[PDB]
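Right, one structure below, let's go through it.
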Protein chains: 6
Amino acid sequence: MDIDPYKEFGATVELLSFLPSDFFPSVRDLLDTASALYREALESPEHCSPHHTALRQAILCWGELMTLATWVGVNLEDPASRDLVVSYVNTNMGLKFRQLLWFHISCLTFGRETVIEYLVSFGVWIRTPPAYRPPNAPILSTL
Amino acid sequence: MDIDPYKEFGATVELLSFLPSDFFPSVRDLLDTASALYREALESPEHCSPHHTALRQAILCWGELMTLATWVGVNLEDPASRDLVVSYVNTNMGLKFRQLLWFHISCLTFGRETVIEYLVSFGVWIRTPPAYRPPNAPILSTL
Amino acid sequence: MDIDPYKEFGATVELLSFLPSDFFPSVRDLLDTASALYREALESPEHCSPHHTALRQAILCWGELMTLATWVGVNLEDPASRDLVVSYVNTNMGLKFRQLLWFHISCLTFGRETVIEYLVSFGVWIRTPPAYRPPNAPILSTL
Amino acid sequence: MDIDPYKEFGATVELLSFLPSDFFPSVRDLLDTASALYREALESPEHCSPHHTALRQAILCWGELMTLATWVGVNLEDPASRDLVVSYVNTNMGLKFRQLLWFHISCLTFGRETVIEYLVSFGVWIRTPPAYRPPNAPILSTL
Amino acid sequence: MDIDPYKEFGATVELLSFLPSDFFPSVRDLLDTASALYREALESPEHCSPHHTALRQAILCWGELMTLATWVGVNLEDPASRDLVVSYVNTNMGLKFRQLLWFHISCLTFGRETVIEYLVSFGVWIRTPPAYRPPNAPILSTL
Amino acid sequence: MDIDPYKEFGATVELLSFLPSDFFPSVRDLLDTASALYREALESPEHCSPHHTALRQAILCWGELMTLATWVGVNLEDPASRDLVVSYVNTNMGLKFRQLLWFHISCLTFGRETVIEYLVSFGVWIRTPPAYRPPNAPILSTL
Ligand SMILES: CC(C)=CCC/C(C)=C/CO
Ligand SMILES: CC(C)=CCC/C(C)=C/CO
Ligand SMILES: CC(C)=CCC/C(C)=C/CO
Ligand SMILES: CC(C)=CCC/C(C)=C/CO
Ligand SMILES: CC(C)=CCC/C(C)=C\CO
Ligand SMILES: CC(C)=CCC/C(C)=C\CO
């Protein structure tokens, strides 16, 4: 069974394939903003929204991955494989969770409509040849 | 932030901490169940329910963990570390995800009321000593 | 084309694989059942029901496969090849036709509601740990 | 439990033995026509018609036989045996399956009364000695 | 994505796969026909019909292919390759575009109903063996 | 007969002559976004819009050109002419199809009104002398 974690929200993975991978901020940055903006709603006993319902799960899965990484650092004495596994986690799974958390936070903050429009516009930008594409990449803004 | 994945749905981890590991089916079995019963919805573009949302996220996180274990079995060359990490995944996070998938599937099937009452009754039963409890546990079923 | 032989009836091959292959009765037993209970209806000049139509066609396809088995055992002299081909036919196509004929006979005799709920229930039952399920396997009964 | 695949619709193997075996088209051509004209109806979750049900089952049985032929070509080492059985599966079976698909596709396109009138008339034509039958045989058409 | 250029219009390639190459006029002839009959529309600034849209696109693609063949005949200096590519174009894509232009022109002229019924009847005729079919094919015409 | 593939849509070739040739993204980029955004509508059996009706044809013609290029790579042994023809295709016909696919995708995504306004504004930009033209080239955006 294959599931798209955005189809439920009106998007797809080919639509987020527009954005490059080095575009998404650090998981730390994303979690800090998620806290600052939605702590009382994520720690709440309510189906505040599907985006909260899903952000909670993403945060908990990243927490389990962090627990795995620290478990490795404690147990595995072989530095080669210890570091290999920890780096694999933080790089690859970090990228996937960056995409996910970015989608959810940005949508909660701005609007899924605005976020899909941002995706198409950023696709325009990154497809445009450099000689003609502005340096002011599209930026999501409430102001 | 500290999140409880069930508070949003009306439960806690202290209400599921009593359920022993012997209670929970394989993760493969629970995934087969979820597929057979709710594939047309999980693979659908709808906020069918917070349960469907959370189940999608859980399935995807488990897929990520399995890909991690596979990557380990391929790359790592110290069987000590290989065994350690693969076992830790399939046991610890296997059990967490078994709890999760079971809670969601069972609520979807029976009802929040039914499942929470069953958790209460099973907790009474398992907090009771053998010599003072019936020998056959409580049971959730549709025949 | 990709046709699902049960989609037209409300089921799927995934749903019928929710049950093990060691649950379905032999083709001879199922054909005896079909004769006994619906001979004059399957031999009738009427669309008595879509289940009757499908059952007629499945009976005819299995008859052709058995005709092939006899033809092979007779003409094909190579014992190894006749063994392998007859074994493949029997085993594999028998699992398939066992699932099919079981579904059709059972639906005719009981109800699509009953038979689908039975598939679900028996799958959950056989995936559940023994100590937390009813002790007697589910049975599909008329009385 | 002898069953006539056409009695359920209003014909019988006697009425179709009128047409020779050299008459019926290639099974590939017939499946192409089926695709072209009824892909959406056969891949639909509806009892659109008994003809639809029967055609689905016929296509599926032919697919089973195709898988048998492939599995033979790969497993059976004896070239003689594999070629003999594959040539059988094609000639001897495809004959019946061509007859069947033809009946179904025709009675779906043109209708039962028309197909039966056509069978009677083609029987007249093909029974007439060659010295007295016109060159313009009966054709099954809409114009 | 896999597209069928006729599904949008109510047909398939399996419904036109029966039409043999001997059936289709020259591409030059079909283009002369399209011009003479619908130039005032194809050269017009209107969504006259999906057929006109598709016909415009087909004509332009064929013009591009002809410019390609011309560029080859000019630049390339190995007559082997020159012949190979020019012939491949004018035969393979010539035939595809003949199918296309014919379908569009004929639908525009006669009707979706008429053309699809003609395809059905011609497929019956061409799937029939010579000894069992009339000797003169079906015909689409306005006298 | 000369046809403008945009006059039907409210544009011209002198209007797109504004945009340079090195402005349009790769055909791969365009096809990827076309898939992600319009797969279910292009593979649909409906005149969803003239832009779909035309995008399907453009994609199919580019597919035929890719088939020609691979056919060349297989057949033509002479590397000089093989590479010459393949490069001609991918460069020149690629440019033409880039212009076309860009027009259609951008219009479906944003609005033909917005796209023509973008064309005139980009003409302003690229006509403006460098010393006074901003680096932030005009960019199409939903956000
Ligand atoms: C919520 C997800 C996807 C993972 C965390 C699982 C967990 C910590 C369960 C505790 O009972
Ligand atoms: C890990 C979870 C909760 C979901 C899937 C993450 C992923 C691979 C996204 C791809 O864009
Ligand atoms: C649709 C266009 C312009 C080209 C493709 C032609 C084709 C593949 C026809 C199959 O019958
Ligand atoms: C190849 C097709 C379908 C149309 C014409 C492409 C072209 C030369 C556009 C110029 O802007
Ligand atoms: C697979 C099915 C339904 C039938 C096999 C062919 C037959 C027995 C008769 C056709 O004239
Ligand atoms: C549909 C028919 C008559 C045969 C093929 C399917 C089958 C026997 C089991 C389902 O996989």
Side-chain angles (χ1 to χ4, degrees), chain D residues 16-43 59 94-95 97-111 114-115 118-119 121-128 130 133-143, chain E residues 1-24 54 95-96 98-100 102-104 106-107 109-143:
Chain D
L16 279 75
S17 299
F18 290 6
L19 313 165
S21 69
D22 58 275
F23 170 88
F24 299 98
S26 310
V27 62
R28 188 69 256 157
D29 277 353
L30 286 172
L31 300 174
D32 284 355
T33 299
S35 303
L37 274 72
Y38 296 95
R39 193 184 188 71
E40 80 284 338
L42 303 172
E43 298 183 342
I59 294 162
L95 177 44
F97 281 88
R98 284 156 46 191
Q99 203 166 324
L100 187 79
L101 300 155
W102 179 92
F103 177 75
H104 282 310
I105 303 179
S106 296
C107 198
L108 266 173
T109 318
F110 309 98
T114 309
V115 174
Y118 174 83
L119 291 165
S121 311
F122 197 91
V124 173
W125 193 81
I126 198 74
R127 282 180 292 177
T128 304
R133 59 199 204 212
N136 60 337
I139 195 82
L140 205 43
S141 163
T142 42
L143 304 177
Chain E
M1 86 293 277
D2 56 354
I3 295 156
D4 188 323
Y6 305 108
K7 180 164 174 185
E8 155 190 16
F9 303 95
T12 62
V13 181
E14 294 181 351
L15 195 55
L16 277 77
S17 54
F18 297 111
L19 304 172
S21 310
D22 204 70
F23 183 88
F24 294 122
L95 178 51
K96 283 176 203 266
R98 284 157 68 194
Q99 297 186 226
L100 210 61
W102 179 90
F103 174 72
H104 286 310
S106 296
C107 201
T109 304
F110 302 96
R112 173 200 265 243
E113 180 184 1
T114 314
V115 177
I116 282 153
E117 293 177 350
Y118 174 75
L119 294 168
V120 171
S121 299
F122 193 102
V124 181
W125 187 82
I126 194 72
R127 293 195 296 277
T128 317
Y132 304 128
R133 64 177 173 215
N136 44 25
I139 278 164
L140 211 54
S141 299
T142 56
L143 309 197

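Every chain is numbered from 1 and lettered A, B, ... according to where its sequence line falls, protein lines coming before strand lines. In what follows, every heavy atom counts, from backbone to side chain, and hydrogens, waters and symmetry copies are set aside.
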Task: Structural part of D/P20 lying under 4.5 Å from a heavy atom of chain E - done: both
TODO: Identify which part of D/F110 has an atom lying under 4.5 Å from any heavy atom of chain E, answering side chain, backbone, both or neither.
DONE: side chain
- [ ] Please report the shortest heavy-atom distance between D/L119 and D/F18, naming the atom on each side.
- [x] O-CD2, 3.7 Å
- [ ] Counting only heavy atoms closer than 4.5 Å, note whether D/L37 contacts chain E via side chain, backbone, both or neither.
- [x] side chain
Could you list each donor and acceptor atom pair linking chain E to chain D at less than 3.5 Å?
| residue | atom | partner | partner atom | Å |
| --- | --- | --- | --- | --- |
| E/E14 | OE1 | D/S35 | OG | 2.3 |
| E/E14 | OE1 | D/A36 | N | 3.2 |
| E/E14 | OE2 | D/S35 | OG | 3.0 |
| E/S121 | OG | D/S141 | OG | 3.4 |
| E/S121 | OG | D/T142 | N | 3.4 |
| E/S121 | OG | D/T142 | OG1 | 3.2 |
| E/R127 | NH1 | D/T33 | OG1 | 2.4 |
| E/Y132 | OH | D/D22 | OD1 | 1.5 |
| E/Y132 | OH | D/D22 | OD2 | 2.0 |

TODO: Any chance you could measure D/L100, atom CG, to D/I105, atom CD1, to the nearest 0.5 Å?
DONE: 9.5 Å
Open item on the list: Is E/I116 close to chain D through its backbone or its side chain, or both, or neither, when contacts mean heavy atoms under 4.5 Å?
Closed with: neither
Open item on the list: Under 4.5 Å from any heavy atom of chain E, what part of D/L19 do you find: side chain, backbone, both or neither?
Closed with: neither
Task: Closest-packed option against chain E by number of heavy-atom pairs under 4.5 Å, given D/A36, D/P135, D/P138 - done: D/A36
Open item on the list: Would you compute the distance between atom CZ of E/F122 and atom CG of D/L143 and round it to the nearest 0.5 angstrom?
Closed with: 12.0 Å
- [ ] Can you see which heavy atom on E/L15 is nearest to which on E/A11, and at what distance?
- [x] CD2-CB, 4.3 Å
Task: Distance (rounded to the nearest 0.5 Å) between D/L30 CG and D/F103 CZ - done: 14.0 Å
